[PDB]
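Here you get one chain, nothing else, as structure tokens; it is the form deposited in one PDB entry.
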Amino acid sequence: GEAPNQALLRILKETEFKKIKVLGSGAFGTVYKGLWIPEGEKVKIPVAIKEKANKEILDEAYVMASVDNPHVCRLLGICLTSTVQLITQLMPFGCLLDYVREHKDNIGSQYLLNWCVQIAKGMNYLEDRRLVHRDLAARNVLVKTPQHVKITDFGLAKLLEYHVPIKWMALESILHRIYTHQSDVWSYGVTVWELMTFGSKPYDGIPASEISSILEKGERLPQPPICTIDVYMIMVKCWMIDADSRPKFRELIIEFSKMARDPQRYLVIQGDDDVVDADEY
């Protein structure tokens, strides 16, 4: 027996939001930066506006409407025009992959380990909601402030095993298309590796079709220069063949929290008006 999903889908008036500029474009479509000004209440909310694809943006709106956690992106509503528009919280510092690349010379160990805690909290919450993300990656973690990140992009999420980006996927997902919370743990491991390498590309150069063979042979991603064996062992554990031998998200929270209390012991880095944010509306 499953519980009824009593989330609210808010439908917004087009005249309530002003597109300020284009943040980005691609196959997906066009994402704009804007404000949402609900009629009456004196409030201006910074928002991102994302303009069968309709069925897919609706599937994603369904998922984002059903999650509410400090480390998961919040859905504000949809607007029913020509194409369906997703209206989400504007995350001013962009995705975490671009952020660590753009600020390599300024990311301390405190930030890196705190991001690992926060991402783990967000994923643990998703697991509580019996939700498999299926696309966890540094590109899909947004930065509200350098101190606060949130998991985004639920275009592949599935509400529960469940029967694609190859270099972030567990071996079971590449071979048998099986996805669990524990295959999300594998993707968490690759995401942490991305952050610890300040944005390197996993298996850079290796063709995606070769990835399945490499993993079967026992090879894994290398140990990042800044990583003590303590941190790298955590990543390696996320890449075990036996899915139930990988750590749980609730455990990853615990481990990385301990490390975040003495960060320089685990990461060795050289030189180590009426505007309302959505979290307060």
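All residue numbers refer to positions in the sequence shown, first residue = 1. In this text, the rigid core denotes the largest set of C-alpha atoms whose superposition between the two forms falls within 1.5 Å.
Not pictured, yet referred to below: the form deposited in another entry.
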- Note on the structure: Mover between the shown form and the other one (rigid core aligned, C-alpha >= 2 Å shift), picked from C238, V231, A61, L252, is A61
- Query: Once you line up the core, how about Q264: does its CA shift reach 2 Å between the shown form and the other one?
  - Reply: no
- Taking the rigid core as the frame, does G218 move its C-alpha by 2 Å or more between the shown form and the other one? no
- Task: Would you say whether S82 is displaced between the shown form and the other one, judging by a C-alpha shift of 2 Å or more on the superposed rigid core?
- Result: yes
- Quick one: in the other form, is the Cα gap between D59 and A208 smaller or bigger than here? Answer closer or farther; it shifts by 3 Å or more. farther
